[PDB]
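Starting off with a structure, shown below.
Letters A, B, C and D name the chains as they come in the text, with residue numbers starting at 1 for each one.
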Amino acid sequence: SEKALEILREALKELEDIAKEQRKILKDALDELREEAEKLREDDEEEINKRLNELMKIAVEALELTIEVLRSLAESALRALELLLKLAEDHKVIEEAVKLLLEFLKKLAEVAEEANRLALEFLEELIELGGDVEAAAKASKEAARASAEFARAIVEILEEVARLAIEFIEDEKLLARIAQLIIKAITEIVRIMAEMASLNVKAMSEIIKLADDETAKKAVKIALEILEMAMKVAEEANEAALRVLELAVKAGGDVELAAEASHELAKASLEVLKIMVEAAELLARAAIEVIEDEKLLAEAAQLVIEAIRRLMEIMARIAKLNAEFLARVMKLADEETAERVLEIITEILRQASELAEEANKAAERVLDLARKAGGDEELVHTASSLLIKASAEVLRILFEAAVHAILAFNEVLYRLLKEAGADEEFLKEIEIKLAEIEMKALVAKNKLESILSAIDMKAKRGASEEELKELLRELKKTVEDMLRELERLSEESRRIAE
Amino acid sequence: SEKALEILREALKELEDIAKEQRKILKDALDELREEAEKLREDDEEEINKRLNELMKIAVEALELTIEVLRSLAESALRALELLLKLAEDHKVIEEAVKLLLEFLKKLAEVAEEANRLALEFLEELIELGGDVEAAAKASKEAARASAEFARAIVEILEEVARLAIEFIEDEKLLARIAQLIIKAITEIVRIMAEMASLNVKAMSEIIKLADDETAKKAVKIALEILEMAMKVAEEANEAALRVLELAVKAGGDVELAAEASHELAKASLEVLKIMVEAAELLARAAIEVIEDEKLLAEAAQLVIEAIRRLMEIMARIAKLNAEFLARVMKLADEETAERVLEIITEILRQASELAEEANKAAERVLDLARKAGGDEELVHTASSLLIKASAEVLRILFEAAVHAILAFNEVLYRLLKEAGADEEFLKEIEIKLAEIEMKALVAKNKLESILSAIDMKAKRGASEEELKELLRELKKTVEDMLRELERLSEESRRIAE
Amino acid sequence: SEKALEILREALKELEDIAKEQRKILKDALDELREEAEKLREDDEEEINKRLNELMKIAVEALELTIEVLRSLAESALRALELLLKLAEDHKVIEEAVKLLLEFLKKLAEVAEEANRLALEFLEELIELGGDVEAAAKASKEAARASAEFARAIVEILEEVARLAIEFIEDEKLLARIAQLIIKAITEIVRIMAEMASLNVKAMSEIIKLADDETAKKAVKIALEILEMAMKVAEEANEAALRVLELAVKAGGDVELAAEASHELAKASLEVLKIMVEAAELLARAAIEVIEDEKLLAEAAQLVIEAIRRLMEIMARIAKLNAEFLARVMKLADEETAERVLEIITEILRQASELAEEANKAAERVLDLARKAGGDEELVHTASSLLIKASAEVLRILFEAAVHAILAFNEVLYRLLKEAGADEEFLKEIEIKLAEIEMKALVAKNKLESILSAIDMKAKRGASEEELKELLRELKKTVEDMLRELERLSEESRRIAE
Amino acid sequence: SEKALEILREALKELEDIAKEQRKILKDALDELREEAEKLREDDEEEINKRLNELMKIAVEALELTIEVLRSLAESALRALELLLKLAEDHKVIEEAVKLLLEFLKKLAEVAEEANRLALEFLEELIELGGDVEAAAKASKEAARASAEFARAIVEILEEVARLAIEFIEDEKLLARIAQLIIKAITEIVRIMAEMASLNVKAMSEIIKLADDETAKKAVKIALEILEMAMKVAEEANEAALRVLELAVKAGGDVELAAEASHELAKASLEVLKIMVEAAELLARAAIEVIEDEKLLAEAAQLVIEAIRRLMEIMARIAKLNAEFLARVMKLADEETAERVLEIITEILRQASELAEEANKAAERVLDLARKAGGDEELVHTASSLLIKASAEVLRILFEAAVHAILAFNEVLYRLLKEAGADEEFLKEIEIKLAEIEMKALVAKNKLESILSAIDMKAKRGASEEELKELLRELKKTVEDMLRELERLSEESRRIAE
């Protein structure tokens, strides 16, 4: 039993050591490359303009190779855990092995972040030397894409570890613990990936300082591209984490603990999307302060606006998906953990609305920094219209999620009353009051849709921004009023019940 | 029981209210757009020529959006009925709920027609201002296409309501009532859609007044296009209505009542195709009186002729399809409701032949208005040849339907005699006389095909129109004589039977 | 019983009457077209050059339409027989009905041949007037293609009648009679189709008289195209006839009678391919005597050579397929009908070899008429090489068929000895002598392949024609010697048996 | 029994005779072609330049035809064996028949090699006459491709014979004998095919002597192409031979004998890949000594380097595949034949490493002959980098195979201990020590991957060749040390066991 845990501990220690040695090998090769570049700095314009691009290309190739080595190390660690699980029938050693393997994959993603940071700081030391700016930006984007690929591979290995633990586990007290531990590890991986992407965006922001109008615009374009792919990694980590929590719930893992795990996952990923908003806003600030035009200025500002639009949409989508998972788990849960899950869903949706509002403040700050820098006016108006439309979309989706939570909680109240052997006429009265809840909820949803339609009509027509802000304030008042009324009606249904 | 009916009544009242409020929102936004256009009328030629097109584009976007809101309201009303059906085991409340929901979907399609009328009257107020004519026609066609999409969505929701009523219903007296009520609602929807399309064609007819020869021809082209898509909606409404009547017949719904429902459906849809013929004829009159050419005149006249050809063909197809459904239901029916169904089929085919003849009179009026306005002669001859061919095609198809009705009635007489335990030699004599009926029917069909072939030969060769009219009179005499003879032979078979 | 036969007789009489009336309608319309053309002959060069082509196009449209009417009549007659078969349990009336329906489809294909002859004689009366030659040839090819389509439709209706007779029949004495009657009808249909194609080729041969070098070459090209599609109809009629004979054999139809039916089918289709060879040779004679060149002369001669190559190949393929069917039926047959089937297969292969040799004489006559008219020499050498290769291919295939017949007869002798309860050691000696037969047969086949390879090597190298004729004489001597030896070895095996 | 063996002996003697006669026919036709060419040599420049190419084309057509005849002979011999197997229940005659048929297919491939040699010597006698060089090279490549197609057809016939013997055989002592005999025959076929390809490469090497720089480069290109397709035939022969050995093992064929058969197969195919390396090196020597340039010289040298890269890769792949087969058969084998199989795998991997090192020496000799002849420097550096990468790849793959062998042997030791009914705690200790073996093996594999990654990083960066040679020496030291340590750990596990 414990001897298998010690053998896996030794193998994971050796894999951590080889990962550290591979990072040192990357640093050595990057140092050699930088020394060659510095030696060539003294010894034509075309010579430098060509060799610096070749050197950044082979340096990104070296980073991609070290990412491949680290991913192979991760797969071998997963295979080691697979060996250990087979070699063990006990639960204590199994849980200890999963904890140790999650720690190791955390350290491995940390080494990968250090390798990415080395590649980007070397690209900076190269731009010091006078290399290209479009080529440097492209090499940086390739670095970030290989890093995001490593993040996805680690997420899949974490999902496979969760699946092995589910398959070779017969208890709930421990299986839900493994669920929450795997979820903590996935949030850690996505935080490290978002940190890598934020560092790469800051590097592009320090690159655009010495670039031509068009070259700076291309740099901003592919910096928003790397932010888009980091967002894709965040969404994929969320989906895999939620798959893991669904598997355990399916296997009987504690209900309230899985609810707390999904809440913590939603919180961590909303913080990740917030830090990506922050990175995009810093990039937009630098672009506006260096782009130096009247047309490409507004073009880069509008492109950052599309990135923030996608950030808002992904915030809303992750909030809706976690609210729906909590709704299913509520459907399965209990008399009182169901109300705890409804309260937790309300918490997650309040957090998502707050972060969507912070994203709107970020986009408004970017559009004001584009106004003060004197950009195109049509582009700025279109960006403001797009943010009004996107904020309305987030209000719509979060309201739909809250209504779905209220419906699921009412259905759980009814399921509890039916299980507790109440009267038939009484249960008919409860099911008709729940039908009332659903009718008024559908009506509220379509009323929200109608008011959103009116706002979008005025927006595409080209209304003033102050006007749309007041109209959106009205829509928010209406949606909050309708949620409060629907909650009051559901509570009166519950009171009629008991 | 009744409480669920009242809850659904309240939800449908609120959905009717939100639909009315959405129509008011559309009117408000259209008023704002029209005021902006009028304010710009006073304040370049390019400025106006561009902004008026942008304004018509965003106004049609507003109409498309209000159609989307109304369709979402329809889906939510269907979901409300789904809730109510589940919440009810009683038949009276179920039937009352279906009646109320059909009334609501009638009012919803009415609101959609009002929204379409607003969009078209606004496009007219815009052409008053001097916008484009091709762009105005394209915006009008987009409006009509979104309206036809709403009509199809309502038809599918009606079919889903009929299917829910079929699934949650255990009786024939009431289930056939719901069948005929859903069919009345589908005829109402298709009448409203045809009215929207006729109004849009009249709007295009009032547009072509101030358009260039080619611009007027493009306007006429896409007005016939909107008539084609309204015809497609009529055919789809027929197919869905017939699917609904087949489902109930399958479930045991009264036979003679389903026959009366299919007869009324055929009658209403033939009136719809008649009003579309009328709209196409008015459009052709206006085009000929404004196109002002010798080549594009005949081109627009020939295009209206192709539209009338398609109208004739769809009249014939709907008549054949309803005659075939009545033939199947006859196959299932009875001793005497079978003869009632044969009489009703004769009525439907007489009505279809009368409306095909009225369509031929419409096309002849259009070709005479093209002759008097001095158009191309080859195009007019080709149009007359196409109408002779299409009228012959309708005669062929309606005759095939009548023969199929006679065959089905004879088969029902034989099935009745076999069920009533008659002799074996006697039943053999009856089945051989029915084989006689079928032999002479096949011969009659191929004789009609041969005479039609001779007419088409003379037509493609380029015969005179008076000549083809006399030859078509001869073909009609022959087909009526053969139908009378086949009916007499079948009646003599029935007399030999009893 | 007999009353159903009389009712079908009446329906078929009426369908024959309507077919005759449709032929009269075609003659009337063609007469009207020819009168219009003659009236225009007196009343520009472009006027005539355009209107004559339009008139031939609409005349071929009239022919295609009359073919459609005749095919619909055929389908209705099949449906009448279907009614009659259902209406009858007796065998005598069923057989009489099938005989009458085959007679009717014979008369229908005869009317179709008369219609084709009318269309082609009208195209001739038009070329008298001075129409195009390429357009006239294209209209003639379209006429022949519609006629071949009618021939295929009739073949499929004959196959369907054979299948109905098989399905509704319980005896062998009569079922094999119906098999041989359907086969006679299919041979009649393919003879009529080949006659239509030969008449069309003769019409093209009388057209090329007044055509330009290139126009005459195009006429010859598409005349060989119509011969190719008539060959396709012959092959398809063979395949459908053989499918019919296989079905009956499967159903227990007399074995020796099915063998005689396949022999007669092979004989008739070999005569059909012979008459197509004759038509191609007449076309080549006319082309060579009118093409009047040194390059296009040899081009048309080489194209006729490719047509004759395809004729040889299809002769060989039909012979092989019928020999294989007889081999299967032998496998099923008997002690002595098996030897009768082996003798009949020898007869069919002798007939196929004789007709392949006649095809070679036809191609040699064509190449001599191209030599005497002074054509290109490379093309003539390539044509002679292609005929040597094709004659060698036919020798190979027919020898393979004869060897397959000998193998099947030996296998039947062994099956008979095993069924008749002979000794085990004795049956082992017989099966090893049959293995000897198969070994030496495989060796003979590959020796034939090797000698054919040597001839083809010398041919592609460009050997003299007299030389290849002597080498082919040697290959024929070798194949006949090996067949005689293999037959002697099989007969000695049979003698060792008994 | 024996009589069937004698009948098959007679048929195979006749097929050998016809093959010999076909070779004589090819020689006769080639002699005639060469005489025509010599006669034309005396009797324009364009005349010769065209007719010599036409003559080489038709000569390669003659060779392709003789290959087709020989393949048909092979198929007929397979069919003869199929007859004989059916005709025999005894094992002695069956084995004698398979031995005789393998001898015959050996003689047939020998005749095919003689035909290929005749075609190539005739192409040489033609280049004596002054034909093209690109066309001669293309004709030679077509000859070699048809020869490789014949080699593949023979390999498939050998696999089919092995499958027939497996299907109609009930014993292991004899079935494993047939397995090893079929494997010897497949090694013989692949040796003959490699000899044909080496002769063709030598012919191209004697062709490039009188070719233009670009023409010589094209000749070298397609000579390496024929070497590539001969390598493909070697790999396919290996795969089919291994399929055959797997089938017998599946059927119960002796285990240790199948291991010896796979070892001998691997040895023979490694010798084949060695002789292909030798042919490529001779071709590169001739090219460098005749190409006479500074750019195309290095281009041809780099192309030979890619061919040697593919040779190294295929050596490694065949070694890995045979080691994996021996690992499976070990998994099935025994207590001591398992250690014999581990020793044999060590032998095969030592042989594969030695031949990969010889391939590296060949490529280094080619690059030194390109350095001394003064070629491009970038191309030579890229070739040296490619060989360092390929040698590292072969080290990686062979080490993976050796580790897989050690894992399989440990698993067999554990399976033996579990079968021999040892204690449960004892078996748990053994399975945890085997888990130790697997952990340290995974760590060793990823350490090898990391060091290989560092070498490839330095290589793509453009390190010096002496430097990479020392780094590769270090990687080899590390891999040998890790294999020795893993073997010592496994042996200590086995000692703890017993």
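Everything below uses one rule, namely that a residue touches a chain if its C-beta (ideal position, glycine included) is under 8 Å from a C-beta of that chain, and two chains touch if they have at least 3 such contacts.
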C-alpha-based rotation, subunit C on subunit D, 0 to 180 degrees, nearest 5: 90
For subunit A versus subunit D, what separation do you get between their C-alpha means, in angstrom? 52
Please compute the C-alpha centroid of subunit B, do the same for subunit D, then give the distance between them in whole Å. 73
Sequence positions of subunit A contacting 2 or more other chains: none
Which label fits the chain touch graph of this model best, line, ring, star, complete or other? ring
Of all possible chain pairs, which ones touch? A-B, A-D, B-C, C-D
Please output the residues of subunit B touching subunit C within their complex, sorted ascending. 431-432, 435-436, 438-440, 442-443, 445-447, 449-450, 453-454, 456-458, 460-461
Seen from subunit B, its contact residues with subunit A in the complex are 3-4, 7-8, 10-11, 14-15, 18, 21-22, 25-26, 29, 32-33, 36, 58, 61-62, 65-66, 68-69, 72-73, 76, 79-80, 83-84, 87
